[PDB]
């Protein structure tokens, strides 16, 4: 159904990421969650959100108001989401980030902007999944 669940609240980032993937394929389905709360609502199919089962979760960790760590902690405590692969997206991946995501089973990090090179890499992961 949904290939990627992108946690992002910056409208330009949303359009940019959707456009990059759209140029690769108009069939790559991306759903947008603008908060950790909404992402969970979509994964559980509650609060007026339709339940989705994404293969990958792309998390923009440069949003101070959106606690990605708390989201990931809750995500990883529910076995229904064990197979969802997670990639963090940031304009600056730090030593602190490295330490923080070590036990949250994150497949990798991506440096903004998420361009063709990064998107095609994700496309093949979707396929290989």
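Positions refer to the first chain, counted from 1.
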Can you tell me which stretch has the higher mean Cα B-factor, 120 to 128 or 2 to 10?
120 to 128
Hey, which bit's got the bigger mean C-alpha B factor in the entry, 76 to 84 or 23 to 31?
76 to 84
At the C-alpha atoms, which of 91, 58, 42, 63 reaches the highest B-factor in this entry?
63
Report the third (lowest, middle or highest) to which the CA temperature factor of residue 51 belongs, ranking only the modelled residues of the same chain.
middle
Would you mind checking where the Cα B-factor of residue 95 ranks among the modelled residues of its chain, as the lowest, middle or highest third?
middle
By the recorded C-alpha temperature factor, relative to the other modelled residues in its chain, which third is residue 114 in?
middle
